[PDB]
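In what follows, every heavy atom counts, from backbone to side chain, and hydrogens, waters and symmetry copies are set aside. Numbers here simply count residues along the sequence, with the first being 1.
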Amino acid sequence: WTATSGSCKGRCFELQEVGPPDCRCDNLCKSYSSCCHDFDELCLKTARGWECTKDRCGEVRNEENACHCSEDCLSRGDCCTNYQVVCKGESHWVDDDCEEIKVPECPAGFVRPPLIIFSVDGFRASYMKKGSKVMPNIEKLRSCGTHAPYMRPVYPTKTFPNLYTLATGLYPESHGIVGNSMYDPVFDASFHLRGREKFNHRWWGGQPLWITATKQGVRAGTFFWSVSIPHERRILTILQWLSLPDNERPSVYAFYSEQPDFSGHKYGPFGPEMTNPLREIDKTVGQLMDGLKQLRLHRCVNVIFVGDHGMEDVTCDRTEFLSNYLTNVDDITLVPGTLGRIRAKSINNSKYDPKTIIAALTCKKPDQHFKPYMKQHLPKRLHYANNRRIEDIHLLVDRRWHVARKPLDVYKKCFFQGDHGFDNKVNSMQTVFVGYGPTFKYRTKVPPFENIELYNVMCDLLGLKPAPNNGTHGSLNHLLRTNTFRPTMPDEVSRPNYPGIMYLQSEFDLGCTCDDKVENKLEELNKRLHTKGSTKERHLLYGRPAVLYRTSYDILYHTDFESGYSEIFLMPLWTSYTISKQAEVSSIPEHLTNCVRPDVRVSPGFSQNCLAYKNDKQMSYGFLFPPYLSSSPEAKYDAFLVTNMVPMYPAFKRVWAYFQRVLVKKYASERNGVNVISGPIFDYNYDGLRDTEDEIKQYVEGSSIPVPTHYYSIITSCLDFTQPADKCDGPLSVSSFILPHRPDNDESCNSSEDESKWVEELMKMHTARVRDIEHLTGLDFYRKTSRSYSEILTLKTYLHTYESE
Ligand SMILES: *[C@@H]1O[C@H](CO)[C@@H](O[C@@H]2O[C@H](CO)[C@@H](O[C@@H]3O[C@H](CO[C@H]4O[C@H](CO)[C@@H](O)[C@H](O[C@H]5O[C@H](CO)[C@@H](O)[C@H](O)[C@@H]5O[C@H]5O[C@H](CO)[C@@H](O)[C@H](O)[C@@H]5O)[C@@H]4O)[C@@H](O)[C@H](O[C@H]4O[C@H](CO)[C@@H](O)[C@H](O)[C@@H]4O[C@H]4O[C@H](CO)[C@@H](O)[C@H](O)[C@@H]4O)[C@@H]3O)[C@H](O)[C@H]2NC(C)=O)[C@H](O)[C@H]1NC(C)=O
Ligand SMILES: O=C(CCc1cnn[nH]1)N1C[C@H]2CN(C(=O)c3cc(OCC4CCOCC4)nc(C4CC4)c3)C[C@@H]2C1
Ligand SMILES: [Ca+2]
Ligand SMILES: [Ca+2]
Ligand SMILES: [Cl-]
Ligand SMILES: [K+]
Ligand code: NA
Ligand SMILES: [Zn+2]
């Protein structure tokens, strides 16, 4: 109940919201059916429109007008945004030359440059080039300020998950807004686009920017606008707030546009109808910038122009129906569209079986346009599993397609020509970032980055300490002229042991054998040097990774590779090796096919054993440093050490062997040498973070050898590929992957073919940032380079996406 009989007189767009049943006058009151009786009359004036004309100049203030052109309007803070242009011979902001803003030029009483965040729904990255002709204000922000060619959204590339990631720096699995539609089984409650449930605070986790600011004594404009408040009024309200006295004036403001998303759904991303919405958004930017110029704030405020996600061509005829795969289609609930999420329709139905639903959805039709996954098997780069609101069964839908349960759903709910929500690597889903102002750099292009990084920067711009988030603070320092955040590298927690030869061969009873009994002062010196680290500078190019948790591990040196060997997990945490452009691939000699060799530096008790692998009928083993890339027949024996072995499903060894035998050499050819760091990952609770031993759900049968959920590789070379990876003077280039360690290759529909037709495609799907691997392993890489730490943080956030131009 609202007592709507109060009044908005002098309260129009008031900043502190009043609690029921008192009536509201804030920018959200409409959305709650709670505005005072006179809110439209007082607060949403429209008389005479939004622009001054010659004949209104110096008019007698008529308080009924939407905005004013009278002499007192500047001191009142309510001129039409074009007042000075029409009446005082001023130029529009867009017509002025770009002039560097070296320092904030702010009115007296401004404690800090205000931040204005102008967010545009469905603004596809390539609009910046393709619509450039019709967006002069936006093109001026872009060219004069700091811009990226695109900004990567989070998955799913839906509105609320992305807007809330922008607000919090968190992945959707952490902030809780995991879709535009959700069921939370703990609350037994549903979140929907339409309706009241979405307003309840229990959905919204983390700490969004407006709350961070308020806790730290920075005042925030109310960020949200009821849909029916026109854009012109939103802008005028912002400009009026900026004229408040110092102690009342917010320091951060948000404007949100429903366009171009609204038209893009109806017309497709490049429909001829899309020109007009782009022109209109540009005009709104123009109004804001002119308004700021009138207030003498255009060289004071930092402006961020940012999108939530892009827009792809999607029509009703490109829908897959679960009713064409499943017999029991009525026993499931599907969240449908550009992603699928499946759960049982009834929790009382004990013949619901996810195993058989996944199987019935797997590689069933030659050109199938979605792939099913248990959520824990989704590419780790999506960070889309650790929330009870995300259903165990997920469908990754191909770009340009939808999934629905039954055909009747698509016509008893073609209308639409555009949609979004697909994998956040997809080109059409990318969106925009421009920063303009004293704190941003001048005429600077920066590489693409992820939207999870922006909260930290918005906090930097306001001098706030960010709440704990998923950005990597400092990785976007290169966007900023000042207010950079200068982190220190994390402290190493565990120091390595450096074992020498401590065990005789006969102390080992591992059930391993090797044909290695063949018997030189010239080369005995050499092998000793190699075991003491003489080639370490060749194979460990960026320092040893730091271990950021408490554990017991050994560094092991070899001719061709160096490793950090965990006495707790019985295998390396990491294995580092460099392969030059000139390296040759060799085979595993016949007599060495089953060879595994005790490592006399490492106790029997801290070693794997071959008997466990023999007894475990499901599990085999692979090597981290590949025997195919040994530098010589004698060095090859090192690759068969028990300490270089890791457990592998035969199905996965198909993937791994092709990566090691074919792909590493290919990359070293193309990149002029590569340095490779590979290792296991254990993430049995799918939280994206290194498991402790007590979280491991599977061991090699009859042993304490833990089975990895994933295997990673980090592949580094020189950005200037005229320099070899091991003699690089400047910036680095990296690609990485986190491959799921699966007992079948059901994910790859073409896996009965030769590895050359499917393995590299799989690896590309599981591309990763170094930072993702850091979370998953508790390691910190690139500790010793010649590069600045901020540059290294940017490198660690890099994602190689394999999308075309
Ligand atoms: C991305 O960045 C984020 C933010 O930094 C990272 O997430 C953090 O990770 C931490 C480690 O996982 C985690 O720390 C835990 O916090 C527990 C208290 O949590 C509450 O308080 C905070 C502070 O305000 C709040 O933010 C939390 O918000 C979560 O939960 C509410 C609902 O309750 C949601 O609204 C919100 O969306 C958010 O949910 C997300 O996180 C939770 C986990 O907290 C998930 O379950 C959700 O799915 C969702 O993803 C909370 O309100 C604290 O109690 C924990 O300590 C327990 O666990 C440890 C180790 O397991 C142990 O040492 C302790 O003894 C204790 O265990 C006891 O409880 C266990 C569980 O019942 C029980 O099994 C034991 O036997 C014990 O009794 C722990 O310290 C932190 O909360 C989140 N923060 C956020 C915002 O998500 C994230 O890791 C980053 N991702 C990557 C890939 O890097
Ligand atoms: O009607 C549809 C959806 C229609 C649609 C589009 N595509 N499919 N359906 N609306 C979607 C609603 C979103 N909205 C907002 O006012 C809004 C803005 C915002 O900004 C955060 C800032 C963004 C910039 O960085 C700082 C954080 N954050 C939130 C929610 C997350 C807290 C909401 C009105 C719209 C009505
Ligand atoms: Ca959106
Ligand atoms: Ca984990
Ligand atoms: Cl959704
Ligand atoms: K076996
Ligand atoms: Na297959
Ligand atoms: Zn949309």
Side-chain angles (χ1 to χ4, degrees), residues 152 155 362-363 371 373 376-384 396 398-399 423-427 574-577 579 585 622-626 628-629 646-671 673-681 683 688 708-717 725 733-777 781 795-804:
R152 183 174 316 115
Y155 187 76
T362 295
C363 311
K371 184 184 299 302
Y373 288 85
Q376 70 278 5
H377 293 153
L378 288 168
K380 302 293 276 175
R381 63 186 170 77
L382 303 175
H383 296 279
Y384 198 72
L396 274 187
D398 286 3
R399 68 192 78 186
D423 191 332
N424 62 332
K425 76 157 155 48
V426 171
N427 270 352
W574 58 259
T575 297
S576 183
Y577 63 97
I579 301 300
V585 175
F623 293 104
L624 288 181
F625 174 74
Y628 320 103
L629 294 171
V646 289
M648 292 186 177
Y649 290 120
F652 187 77
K653 289 169 67 193
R654 293 186 64 204
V655 176
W656 195 249
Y658 184 85
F659 163 68
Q660 292 192 319
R661 188 177 51 83
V662 175
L663 302 179
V664 174
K665 175 65 220 147
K666 193 177 94 183
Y667 305 146
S669 282
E670 291 170 357
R671 301 179 44 183
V674 290
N675 174 258
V676 180
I677 304 182
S678 293
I681 277 161
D683 191 21
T709 56
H710 296 82
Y711 282 99
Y712 71 87
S713 290
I714 298 170
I715 306 184
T716 311
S717 65
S733 167
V734 65
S735 55
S736 301
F737 63 71
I738 295 166
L739 283 169
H741 179 214
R742 295 200 28 196
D744 58 67
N745 284 302
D746 292 356
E747 181 175 1
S748 303
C749 291
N750 290 341
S751 64
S752 64
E753 298 167 24
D754 185 69
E755 291 87 1
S756 62
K757 298 311 173 190
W758 66 270
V759 165
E760 196 171 10
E761 188 190 317
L762 179 67
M763 292 169 52
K764 286 175 187 177
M765 185 66 44
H766 293 277
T767 188
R769 313 174 302 144
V770 173
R771 200 75 186 96
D772 292 324
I773 291 161
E774 291 189 335
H775 296 314
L776 283 163
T777 62
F781 299 96
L795 185 69
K796 291 178 171 191
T797 66
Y798 181 78
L799 182 70
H800 200 96
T801 54
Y802 306 96
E803 286 286 293
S804 50

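Nearest approach of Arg381 to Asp772, heavy atoms of both residues: CA-OD2, 4.2 Å. Among all heavy-atom pairs drawn from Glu747 and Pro740, the shortest one is OE1-CG, 4.3 Å. When every heavy atom of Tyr628 is checked against every heavy atom of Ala657, the shortest pair comes out as OH-CB, 3.9 Å. Pairing each heavy atom of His741 with each of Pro647, the nearest pair is CE1-O, 3.3 Å. Closest approach of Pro680 and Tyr712 over heavy atoms only: O-CE2, 3.7 Å. For the residue pair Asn427 and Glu803, the shortest heavy atom distance occurs at N-OE1, 3.0 Å.
With respect to the salt-bridge test (charged N to carboxylate O, under 4.0 angstrom), the residues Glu774 and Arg771 qualify. Ion pair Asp754/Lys757 not flagged as a salt bridge, since none of the NZ, NE, NH1 or NH2 atoms sits closer than 4.0 Å to an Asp/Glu carboxylate oxygen.
The closest side-chain donor-acceptor pair between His800 and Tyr802, if any, does not fall under 3.5 angstrom.
The OG atom of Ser756 sits 5.0 Å away from atom OH of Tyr658, with the distance rounded to the nearest 0.5 Å. The structure places OH of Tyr798 at 10.0 Å from OG of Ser736, a figure rounded to the nearest 0.5 Å. Here the NZ-OG1 distance, from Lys425 to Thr801, works out to 8.0 Å after rounding to the nearest 0.5 Å. Separation of atoms CG (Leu624) and OG (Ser713) is listed at 8.0 Å; rounding is to 0.5 Å.
For the pair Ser735 and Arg671, the minimum side-chain heavy-atom distance is below 4.5 Å. A 4.5 Å side-chain heavy-atom check between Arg769 and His775 finds at least one atom pair inside the cut-off. Taking 4.5 Å as the limit, some side-chain heavy atom of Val734 sits within range of a side-chain heavy atom of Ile714. Counting heavy atoms from C-beta on, the side chains of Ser576 and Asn675 come closer than 4.5 Å. Looking only at side-chain heavy atoms (C-beta outward), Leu396 and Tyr384 stay at 4.5 Å or farther from each other. With a 4.5 Å cut-off on side-chain heavy atoms, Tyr373 and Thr362 do not count as touching.
Residues forming a ring-ring contact (aromatic ring centres under 6.0 Å, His included) with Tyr667 (at least two apart in sequence, or on another chain): none.
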Quiz item: Yes or no on side-chain contact (heavy atoms from CB on, under 4.5 Å) for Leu799 and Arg152, after CA distance, side-chain angles and deciding distance?
Solution: CA-CA 10 Å; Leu799 182 70; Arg152 183 174 316 115; 3.4 Å; yes
Self-check item: Test log, rule side-chain contact (heavy atoms from CB on, under 4.5 Å), inputs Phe781 and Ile773
Solution: CA-CA 10 Å; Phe781 299 96; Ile773 291 161; 3.9 Å; yes
Self-check item: Working for side-chain contact (heavy atoms from CB on, under 4.5 Å), residues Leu629 and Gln660
Solution: CA-CA 8 Å; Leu629 294 171; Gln660 292 192 319; 5.9 Å; no
Exercise. Starting from the C-alpha separation in whole Å, work towards a yes-or-no answer on side-chain contact (heavy atoms from CB on, under 4.5 Å) for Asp423 and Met765.
Key: CA-CA 10 Å; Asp423 191 332; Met765 185 66 44; 4.2 Å; yes
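Looking at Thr777, its side chain never comes within 3.5 Å of a backbone N or O of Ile681 through a donor-acceptor pair. Side-chain atoms of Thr709 come within 3.5 Å of backbone atoms of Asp683 as a donor-acceptor pair (strictly under, hydrogens ignored). With hydrogens and angles disregarded, a donor-acceptor distance shorter than 3.5 Å links the side chain of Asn745 to the backbone of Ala651. Judged by distance alone, the side chain of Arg742 and the main-chain N or O of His377 form no donor-acceptor pair under 3.5 Å.
Each salt bridge (charged side-chain N to carboxylate O under 4.0 Å, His left out) pair with one or both residues in residues 654-668, not counting sequence neighbours, appears once here: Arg654-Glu755, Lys666-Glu760.
The number of heavy atoms from other shown groups lying within 6.0 Å of CD (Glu761) does not exceed 12.
Paired with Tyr711 under the rule ring pair (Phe, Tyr, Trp, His ring centres under 6.0 Å), one option of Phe623, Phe737, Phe659, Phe652 passes, and it is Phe652.
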